[PDB]
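Peer 1: Below: one structure in structure tokens.
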Amino acid sequence: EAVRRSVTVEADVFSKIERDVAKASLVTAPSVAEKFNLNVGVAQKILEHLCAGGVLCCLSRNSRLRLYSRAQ
Amino acid sequence: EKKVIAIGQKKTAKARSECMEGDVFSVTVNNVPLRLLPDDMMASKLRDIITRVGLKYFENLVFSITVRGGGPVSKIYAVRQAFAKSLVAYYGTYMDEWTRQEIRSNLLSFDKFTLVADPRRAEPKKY
Amino acid sequence: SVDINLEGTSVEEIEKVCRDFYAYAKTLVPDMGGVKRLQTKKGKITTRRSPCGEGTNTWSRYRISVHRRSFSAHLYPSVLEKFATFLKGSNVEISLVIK
Amino acid sequence: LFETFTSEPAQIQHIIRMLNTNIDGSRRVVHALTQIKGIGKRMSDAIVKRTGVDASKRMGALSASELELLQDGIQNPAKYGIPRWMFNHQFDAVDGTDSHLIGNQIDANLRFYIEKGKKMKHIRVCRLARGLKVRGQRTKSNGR
Amino acid sequence: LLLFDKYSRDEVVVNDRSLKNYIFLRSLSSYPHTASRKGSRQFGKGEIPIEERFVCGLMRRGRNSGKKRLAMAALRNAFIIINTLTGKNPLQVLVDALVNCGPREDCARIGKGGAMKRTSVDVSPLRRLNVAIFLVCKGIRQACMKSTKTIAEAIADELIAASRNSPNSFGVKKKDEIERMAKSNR
Amino acid sequence: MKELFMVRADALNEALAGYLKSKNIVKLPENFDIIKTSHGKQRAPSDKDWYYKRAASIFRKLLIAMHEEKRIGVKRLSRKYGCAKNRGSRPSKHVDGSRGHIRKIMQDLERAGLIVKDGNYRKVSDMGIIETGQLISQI
Amino acid sequence: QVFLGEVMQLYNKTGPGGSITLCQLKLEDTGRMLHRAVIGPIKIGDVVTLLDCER
RNA sequence: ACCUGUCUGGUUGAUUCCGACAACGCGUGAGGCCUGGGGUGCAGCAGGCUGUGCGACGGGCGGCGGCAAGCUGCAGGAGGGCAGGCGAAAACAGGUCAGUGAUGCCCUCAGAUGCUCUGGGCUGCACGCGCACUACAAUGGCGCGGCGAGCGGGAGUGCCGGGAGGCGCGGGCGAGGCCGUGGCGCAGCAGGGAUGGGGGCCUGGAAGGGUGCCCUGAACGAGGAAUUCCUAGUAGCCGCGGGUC
């Protein structure tokens with residue numbers, strides 16, 4: 001079984017995962033990379049971008065893991 | 001004026017501490033202040049001693065701790081022993097002694113190695 | 001300025017030497033420094049026991065350790081010579097530096 | 001919020017054909033360029049830094065303009081200010097000019113190497129013609 | 001004094017009377033790492049804290065031997081994801097993982113004579129805790145090896161799924177597999 | 001220099017490296033973008049401004065060696081900048097740093113007057129003491 | 001249903017390895033005193049959990 | 001011939017001891033011992049050094065056993081089986097004649113089985129096997145910043161170079177890693193570094209040796225029957241230094 005998770009964004013998953021992280025309480029960068037077929041590298045920068053917007057507050061800034069939860 | 005020196009040590013990590021009657025409480029371990037320690041486990045293993053003894057006993061006591069030798073984690077327990085040993089040695093010299101016996105009983109019941117050395121050394125086998 | 005340097009492998013001999021020399025030095029001078037003992041320079045040799053390859057890794061460790069003692073003062077050269085005559089019934093190696 | 005999202009590209013070619021090699025657009029350019037036979041992880045760091053394309057771009061997202069900025073960067077790296085000692089095939093036996101072999105050039109040099117050696121009865125290619133380990137290696141216990 | 005400066009060890013209720021003796025919930029350090037000589041006194045594994053007993057179970061399979069600072073950093077992260085996914089005290093969800101993963105009864109071979117018969121055997125509370133630690137630290141490591149899951153997530157995945165008994169967690173599907181072999185022979 | 005330590009170490013570094021780049025007192029070599037920085041390293045440094053960031057790290061090491069009242073050279077300094085070399089099937093042995101760029105990065109610290117030699121050892125001078133003093137005042 | 005059992009008496013380490021010991025077990029509310037084989041490390045004063053549903 | 005002593009039982013790491021005893025007394029070994037390790041008393045002197053002592057005996061207490069030896073838990077304590085060292089009698093057709101100006105005997109001694117020189121081999125390779133190394137990666141790898149050991153205490157310095165390396169002065173050292181952070185992101189992939197090509201050097205009289213640079217990028221995705229080692233600062237992981245040179 002060979003997996004190569006897509007390193008692209010197709011303007012339909014970005015609003016899909018934004019709806020998904022607004023649903024969930026806490027999401028992490030590898031968890032969206034498995035639930036969807038994204039690279040965790042592009043998944044990392046998406047959740048930082050949704051931290052830059054008012055979509056999710058940054059929890060813990062560590063190099064091993066960056067944790068994210070929904071705002072308010 | 002008032003200054004005591006006590007040493008604590010882990011495996012081969014030796015740590016001096018100097019307790020003085022300074023202006024405000026401060027712990028500058030290895031010429032680095034406690035809030036700006038890069039290793040947080042170095043900082044928290046100092047802080048739980050302050051949490052156990054309580055901050056009221058550290059009113060004006062300035063601790064200039066230095067450490068050398070050993071690795072990262074044995075340096076944590078070197079200064080942690082040396083910080084508490086110099087704290088009780090200051091009260092034994094410059095303060096009232098029944099509080100020092102009160103403090104020593106508090107720490108020894110807390111953890112034995114805060115005030116006594118861990119005799120557990122690197123004891124290598126042969127071939 | 002005299003530096004009396006003495007080195008020895010046996011310790012019960014080199015402690016008898018420094019004891020009778022300090023019994024000799026207090027007769028001379030009261031500003032004589034106490035006997036200072038430098039680092040015991042020690043060495044080990046690890047050696048296989050077997051003269052062949054039939055045995056287990058049986059390693060015998062032999063050790064040598066030489067003990068150093070020193071004295072420092074500022075005296076007269078005739079006193080240095082009568083110090084020098086005193087320490088020749090001793091098997092401790094003796095060397096002196098006048099700087 | 002896709003439109004305000006900027007960092008990673010939307011559409012990427014999955015594979016790129018260059019220098020008779022297929023290089024995946026999924027990899028970033030320094031890691032993508034090393035699929036070329038003759039370009040390692042050190043040479044590709046040199047080429048991207050000397051040419052000046054963005055290393056933080058996936059390779060399929062590159063335009064054709066910067067892609068031809070890379071293929072000439074591969075072909076003559078001495079043009080793009082790369083020092084001599086980082087070259088593949090430098091101080092040549094025949095022409096004596098420092099060069100950097102890419103792709104089929106290495107094996108065609110290698111096929112030439114065994115062919116010229118078997119003519120000259122060279123021992124080192126004779127063991128390589130039989131697949132034997134030809135450097136200082138031991139061949140009793142390992143390599144079997 | 002609080003674990004990781006966040007979580008109180010005092011408000012952690014181990015409901016099992018069997019394991020209350022051995023799960024150690026006395027606040028001795030902000031970190032799990034207490035380099036105490038408790039293994040020598042023959043029962044002192046019930047005296048080092050349960051989180052220190054847990055992080056020692058992580059540093060496993062050779063390449064991670066002795067990397068306790070890596071493990072309890074990867075548990076410091078693992079308690080933040082746990083607490084903000086569940087609201088519970090992450091020590092309380094940790095002790096509820098082990099009481100839901102320690103096998104109470106086991107299958108073993110007993111015979112005084114040369115013939116040995118496989119019989120059901122009751123499990124000691126300290127062994128029940130020792131192999132509850134072992135089964136979840138196996139399932140944490142084996143689920144995070146060659147996948148996109150990290151070490152800090154697989155702790156959070158297993159200990160949540162162990163605290164609410166479900167066949168997803170590696171502990172309880174191995175705990176119930178062990179206890180089924182007890183009923184297989186009794 | 002007690003007040004050297006009373007700021008964050010890495011936060012001092014880009015404040016120091018950005019000072020050495022803005023004042024132009026450290027000069028880049030020709031091959032700066034491709035230096036392995038050790039023979040144990042596998043890649044060149046990924047940072048484009050790695051050269052300044054090291055010049056802040058070297059000048060900090062001379063700063064603390066003055067605080068320890070100790071003299072430091074270039075060859076001993078390269079040992080602080082060595083990694084462990086992946087030696088293939090052999091065990092990974094520690095190797096020394098690249099001495100060549102460290103020597104030129106200290107010579108530019110001599111031209112600025114930050115580092116003045118004392119005998120055969122270069123030492124931090126009073127000019128290096130003052131210019132750090134406005135930096136850590138600002139951090 | 002699981003019955004918790006307190007160990008008052010330990011004797012007769014048995015089995016191949018010797019880990020298994022027979023322990024005389026007290027039940028709390030009843031007080032019924034029963035021998036049982038327990039595998040791991042046991043101390044007098046521990047409480048063990050039994051689920052045999054037969055004894 | 002032999003047996004008892006040298007043991008019914010209990011005990012101990014110990015034929016260690018308690019005890020009953022046709023045995024009684026002894027002796028080796030065991031122990032005692034010697035060295036290192038931790039605690040501190042004094043003394044001397046200047047990554048502190050080394051002399052002299054003290055400190056633990058299983059002493060105290062509780063329960064078993066009671067002429068008991070002892071066992072076991074706790075307190076006190078720095079410490080309650082620390083690590084080594086020497087190591088009985090008897091053996092073995094154990095190994096070493098290739099450590100020997102240790103050697104009997106046999107064989108060889110001028111076309112030598114002597115010595116020495118040069119070259120080659122001991123490094124050959126369809127294959128079988130032992131022990132290790134590096135791995136199969138995300139608990140990872142790579143890039144920077146920060147913090148960084150002990151044994152060993154000789155070595156750093158300035159300049160040239162991209163590195164290896166070079167040159168000139170010359171009392172004079174510190175690791176993997178860990179922490180912080182950036183990239184990669186489950187891929188035979190930035191895992192792995194085998195094999196091979198081209199160049200630069202070091203040592204040496206002489207490279208198949210070592211090192212450095214670039215490139216090529218193998219098997220290996222957890223390993224069959226089997227099988228080794230290990231109880232606490234230990235296994236394991238991780239480097240470092242010394243012998244060889």
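In the structure tokens, each chain is lettered A, B, ... as it comes, each chain's residues begin at 1, and ligands are numbered from 1 in order of appearance.
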Show me, as an MDAnalysis selection string, the residues of chain D whose atoms get within 7 Å of chain H, using only C-alpha atoms (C1' of nucleotides) for the distance check.

Peer 2: chainID D and resid 31 38:40 85:91 135:136 138:140

Peer 1: Provide as a PyMOL selection string the residues of chain C at most 12 Å from chain B, counting only C-alpha atoms.

Peer 2: chain C and resi 56-61

Peer 1: Could you name the residues that touch residue 89 in chain B at 10 Å or less, counting only C-alpha atoms (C1' of nucleotides), but leaving out those on the same chain fewer than 3 positions away, as a ChimeraX atom specification?

Peer 2: /B:3-6,18-19,84-86,92-95,97,100,104

Peer 1: Please report as a ChimeraX atom specification which residues of chain B come no farther than 8 Å from chain F, using only C-alpha atoms.

Peer 2: /B:31-33,36

Peer 1: Take the residues that were just selected and, keeping C-alpha atoms, output them as a PDB file, in the first residue's frame.

Peer 2:
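The result, stored in out_9.pdb:
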```
ATOM      1  CA  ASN B  31      24.450  33.147  35.860  1.00  0.00           C
ATOM      2  CA  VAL B  32      21.004  32.845  34.253  1.00  0.00           C
ATOM      3  CA  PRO B  33      17.816  34.032  35.992  1.00  0.00           C
ATOM      4  CA  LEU B  36      14.843  32.940  31.509  1.00  0.00           C
TER       5      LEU B  36
END
```

Peer 1: I'd like the neighbourhood of range 107-120 of chain E as number ranges by chain, where a residue qualifies if any of its atoms comes within 12 Å (using only C-alpha atoms (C1' of nucleotides)), though same-chain residues fewer than 6 positions away should be ignored.

Peer 2: E: 177-186; G: 12-22, 36-40, 50-52

Peer 1: Generate a file of the selected residues that holds N, CA, C and O atoms, formatted as a CSV table (one decimal), in the first residue's frame.

Peer 2:
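Saved to part20.csv:
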```csv
chain,number,residue,atom,x,y,z
E,177,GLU,N,-9.0,-9.9,25.4
E,177,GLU,CA,-8.5,-11.1,24.8
E,177,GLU,C,-7.8,-11.9,25.8
E,177,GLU,O,-7.8,-13.2,25.7
E,178,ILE,N,-7.1,-11.3,26.8
E,178,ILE,CA,-6.5,-12.0,27.9
E,178,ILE,C,-7.5,-12.7,28.8
E,178,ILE,O,-7.4,-13.9,29.1
E,179,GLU,N,-8.5,-11.9,29.2
E,179,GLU,CA,-9.5,-12.5,30.1
E,179,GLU,C,-10.4,-13.5,29.5
E,179,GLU,O,-11.0,-14.3,30.2
E,180,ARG,N,-10.5,-13.5,28.1
E,180,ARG,CA,-11.2,-14.5,27.4
E,180,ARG,C,-10.5,-15.9,27.5
E,180,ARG,O,-11.1,-16.9,27.5
E,181,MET,N,-9.1,-15.8,27.5
E,181,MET,CA,-8.4,-17.0,27.6
E,181,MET,C,-8.5,-17.6,29.0
E,181,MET,O,-8.3,-18.8,29.2
E,182,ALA,N,-8.7,-16.7,30.0
E,182,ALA,CA,-9.0,-17.2,31.4
E,182,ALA,C,-10.3,-18.0,31.4
E,182,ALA,O,-10.4,-19.1,32.0
E,183,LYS,N,-11.4,-17.5,30.7
E,183,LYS,CA,-12.6,-18.2,30.7
E,183,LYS,C,-12.6,-19.4,29.7
E,183,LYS,O,-13.4,-20.3,29.7
E,184,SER,N,-11.6,-19.3,28.8
E,184,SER,CA,-11.3,-20.5,27.9
E,184,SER,C,-10.9,-21.7,28.7
E,184,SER,O,-11.3,-22.8,28.3
E,185,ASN,N,-10.1,-21.5,29.7
E,185,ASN,CA,-9.7,-22.6,30.6
E,185,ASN,C,-10.5,-22.6,31.9
E,185,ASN,O,-10.3,-23.6,32.7
E,186,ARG,N,-11.4,-21.7,32.1
E,186,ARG,CA,-12.4,-21.8,33.2
E,186,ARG,C,-13.6,-20.9,32.9
E,186,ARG,O,-13.9,-19.9,33.5
G,12,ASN,N,2.8,-21.2,49.6
G,12,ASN,CA,3.0,-22.2,48.6
G,12,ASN,C,3.0,-21.6,47.2
G,12,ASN,O,2.1,-21.6,46.4
G,13,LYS,N,4.2,-20.9,46.9
G,13,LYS,CA,4.5,-20.5,45.6
G,13,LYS,C,4.6,-21.7,44.7
G,13,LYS,O,5.4,-22.6,44.9
G,14,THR,N,3.8,-21.7,43.6
G,14,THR,CA,3.8,-22.9,42.7
G,14,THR,C,3.8,-22.5,41.3
G,14,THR,O,3.7,-21.3,40.9
G,15,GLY,N,3.8,-23.4,40.4
G,15,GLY,CA,3.9,-23.2,39.0
G,15,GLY,C,5.3,-23.5,38.5
G,15,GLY,O,6.2,-23.8,39.3
G,16,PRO,N,5.5,-23.5,37.2
G,16,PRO,CA,6.9,-23.6,36.7
G,16,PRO,C,7.8,-22.5,37.1
G,16,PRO,O,8.9,-22.8,37.6
G,17,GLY,N,7.4,-21.3,36.9
G,17,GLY,CA,8.3,-20.2,37.2
G,17,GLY,C,8.3,-19.9,38.7
G,17,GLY,O,9.3,-19.3,39.2
G,18,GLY,N,7.2,-20.2,39.4
G,18,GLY,CA,7.1,-19.8,40.8
G,18,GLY,C,6.5,-18.5,41.0
G,18,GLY,O,6.5,-18.0,42.2
G,19,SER,N,5.9,-17.9,40.0
G,19,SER,CA,5.2,-16.6,40.2
G,19,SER,C,3.9,-16.9,40.9
G,19,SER,O,3.5,-16.1,41.8
G,20,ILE,N,3.2,-17.9,40.6
G,20,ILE,CA,1.8,-18.1,41.1
G,20,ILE,C,1.9,-18.6,42.6
G,20,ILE,O,2.6,-19.5,42.9
G,21,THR,N,1.2,-17.9,43.4
G,21,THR,CA,1.1,-18.2,44.8
G,21,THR,C,-0.4,-18.4,45.2
G,21,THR,O,-1.3,-17.8,44.6
G,22,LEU,N,-0.7,-19.4,46.1
G,22,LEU,CA,-2.0,-19.6,46.6
G,22,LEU,C,-2.2,-18.6,47.7
G,22,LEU,O,-1.4,-18.6,48.7
G,36,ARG,N,-7.1,-19.0,46.7
G,36,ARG,CA,-7.1,-18.7,45.3
G,36,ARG,C,-5.7,-18.5,44.8
G,36,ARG,O,-4.8,-18.0,45.6
G,37,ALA,N,-5.4,-18.8,43.6
G,37,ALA,CA,-4.1,-18.7,43.0
G,37,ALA,C,-3.9,-17.4,42.3
G,37,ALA,O,-4.7,-17.1,41.4
G,38,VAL,N,-2.9,-16.6,42.7
G,38,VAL,CA,-2.7,-15.2,42.2
G,38,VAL,C,-1.3,-15.2,41.6
G,38,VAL,O,-0.4,-15.7,42.1
G,39,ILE,N,-1.2,-14.5,40.4
G,39,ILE,CA,0.1,-14.7,39.6
G,39,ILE,C,1.1,-13.7,40.0
G,39,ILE,O,2.3,-14.0,40.2
G,40,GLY,N,0.7,-12.4,40.0
G,40,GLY,CA,1.7,-11.3,40.2
G,40,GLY,C,2.2,-11.1,41.6
G,40,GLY,O,1.9,-11.9,42.5
G,50,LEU,N,-11.8,-10.8,41.7
G,50,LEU,CA,-12.1,-12.2,41.2
G,50,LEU,C,-13.3,-12.1,40.3
G,50,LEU,O,-14.3,-11.3,40.7
G,51,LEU,N,-13.4,-12.8,39.2
G,51,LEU,CA,-14.5,-12.8,38.3
G,51,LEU,C,-14.9,-14.2,37.9
G,51,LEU,O,-15.5,-14.3,36.8
G,52,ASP,N,-14.6,-15.2,38.7
G,52,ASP,CA,-14.8,-16.6,38.2
G,52,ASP,C,-16.3,-17.0,38.2
G,52,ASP,O,-16.6,-17.9,37.5
```
